[PDB]
Structures are given as C-alpha cells and as structure tokens.
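Peer 1: Sharing a structure, written as structure tokens. Questions coming.
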C-alpha cells in the first residue's frame, strides 16, 4: 500500500500521513526570479482553509484583465494542498500558458472532514471571491470571465461546486461564471465499469486503492452509488444549459476512471449542454502533472476554451 498512497491505516478508522508531500512557499514579490507571482490568503480559520493566488508575470506589463480560474487540486480527497509542489508548478504553467489568474483552494481533507466538507469550502471560496477587495483580484482578474476547475477529486469538487453555484448565480454578481473545466474528474460506483475491470491492476490506481479512497471520503455508511461518488434527475443541467456554461471534460484511456468521465460528458451533451470533450488514447492518470509536453498540449486547448 505505501506502494500506491503515502498513508498508514490505523485500527480506529483514522489515517496517518507519515511521508511529507513537498510544498512550495508563496513568492509574492516581483524582484523574485519567478515568471509567476504567488501569495496565500486566509479563507476560514475554523476550517484552516486558504486560497493561493497565481498571477502570471505578463499581467504586469499590460493593463488588461485575465480570466479568473478557481482551481481545486487532486489527491483522493484525503491528501495534497494548494501549495503542494506538483499543483503549484502545474498552476504556474497554466497561468503562463493559458493566460489566467488562478485562485487555488486549500479545502478540508478526509477522513477528518468527509464529503461534503470540501464542496462547502468551494462555496465559501466563491462567496469570498465575490466579496473580495484583494488588490491582485481587483487590479488583474476579470470577474466577468470565471471558470471553475479541478483535477481528479478536485474535478469531482469543481463539478459539485458548479451545480451549487448554478442555483445561486444571481447571488454571486459581480462574479459571472462562463464555464467548468473537469480534468480527469474522480468518480465511482458499486458495480465495476469496463475500464475499472480492464485496469483493475493499474500500477497507480488499482481497484483496492480507489475502494479505500471512497471509503475514507464518502459519508459514514455510504456505498459507491452515493450521488457524490456516481453522478450518472439532472434538472441541474437545465440551469447550466440556461446560463450558457461550457464544460470541458478531459481524460485518457489508461485511467480506470475513464468510463465514468466519458459517461458524464455523454449525459451533459445528451441534455443539451455545450461540452468540449477531450479523451486521448494511452497515457495514465495525472500524466499532465509529470509530462511537461502533455501539459503544454492541454494549455493550447484550454487557452482556446477560455476565450
């Protein structure tokens, strides 16, 4: 198991995180070397949640405002942070190569805070952005052009945040959401799918490791057909349709979660939502976080989508 998640299971239903996940300090000052300026802002001290802003260096050498991306990291709901190096680095590259201001949310983790905790923090992050008078937000970010995005579990979160935000859209103004970006959103269910069975001995996401994730994440008692797990009523798509939101879903064939990711893109389309789907052959789960080349190909498509 330390072979697939950097955690210990203890005989009282809790976990221990014995392996440091490397993180990167914010770098808010423009005399720093960095092509991207970062700073952390306290969100809710009771939840110990915070937001990391990424401001691309090129925003400073003009006076136009960039689309604002609200980003949620991946990690099975149970690990990582807005400041973890791999998500920090991905978000710096996205700011530069997609031309975006990024608000990356450090949401509460499971099992200590089982779902719906992190959807709750997502909504506070939106209510808090709307209300914000932060200088980087106010001088450099286009509130009219906002996208909700997440990788993996963060794509799960981004999707539920998106549904909830659709309901209260009038309440967010000056914030105007134009779309959702779901990067291999993390999804499940009680019956195995074709990819789940085909890929069952995956070398990153095997069957047991994902069973484990949903066990730690889902409310106590729940099965994998819980609505937070398995998205596919959908009266909710009518509201998303009506507001004119585009949804990008992306994944690859070498991800066990593929059939559910693709199945959700089908359901969104089938219901009249403007869906930009991008499903590749091969690769594996989170290849974009390791492969600078595959990330770059994705920024070309996201840059497109964002304008």
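Residues 18-249, 254-328, in that order, are what chain A shows, numbered as in Swiss-Prot.
Header entry for method reads X-ray crystallography, 2.3 Å.
Just so you know, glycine gets a Cβ as well, placed from its N, Cα and C.
Quick paste of what Swiss-Prot says about this protein:
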ACT_SITE  169  active site
ACT_SITE  276  active site
ACT_SITE  306  active site
BINDING   92, 93, 169, 170  paraoxon binding site
Peer 1: Neighbours of the paraoxon site 92, 93, 169, 170: Cβ within 8 Å of the Cβ centroid, same chain, sequence order.
Peer 2: 90, 91, 94, 95, 96, 97, 168, 171, 173, 203, 230
Peer 1: To the nearest Å, how far is the Cα of residue 170 (paraoxon binding site) from the Cα of residue 306 (active site)?
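Peer 2: Just about 12 Å between their Cα atoms.
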Peer 1: Rounded to an integer, what is the Cα-Cα distance in Å between residue 169 (active site) and residue 92 (paraoxon binding site)?
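Peer 2: Here the two Cα atoms are 7 Å apart.
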Peer 1: To the nearest whole angstrom, state the Cα distance for the pair residue 276 (active site) and residue 306 (active site).
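Peer 2: With distance taken Cα to Cα, residue 306 (active site) is 5 Å from residue 276 (active site).
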Peer 1: Rounding to the nearest whole angstrom, report the longest C-alpha distance spanning 92, 93, 169, 170, listed for paraoxon.
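Peer 2: Taking every pair of listed residues, the largest Cα separation comes to 7 Å.
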Peer 1: Let's check the environment of residue 306 (active site): how many other CB atoms sit within 10 Å of its CB?
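Peer 2: Neighbour count, Cβ to Cβ under the 10 Å cut-off: 22.
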Peer 1: Ten-angstrom check, please: count other Cβ atoms within 10 Å of the Cβ of residue 169 (active site), all chains counted.
Peer 2: 27
Peer 1: Near residue 93 (paraoxon binding site), which residues of its chain come within a Cβ-Cβ distance under 8 Å, counting only those 6 or more away in sequence?
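Peer 2: When sequence neighbours closer than 6 are ignored, residue 93 (paraoxon binding site) has 22, 169, 170, 203, 230, 233, 234 within Cβ distance under 8 Å.
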Peer 1: Given that 4 residues are missing from the model between residue 249 and residue 254, what is the Cα-Cα distance between those two, in Å?
Peer 2: 9
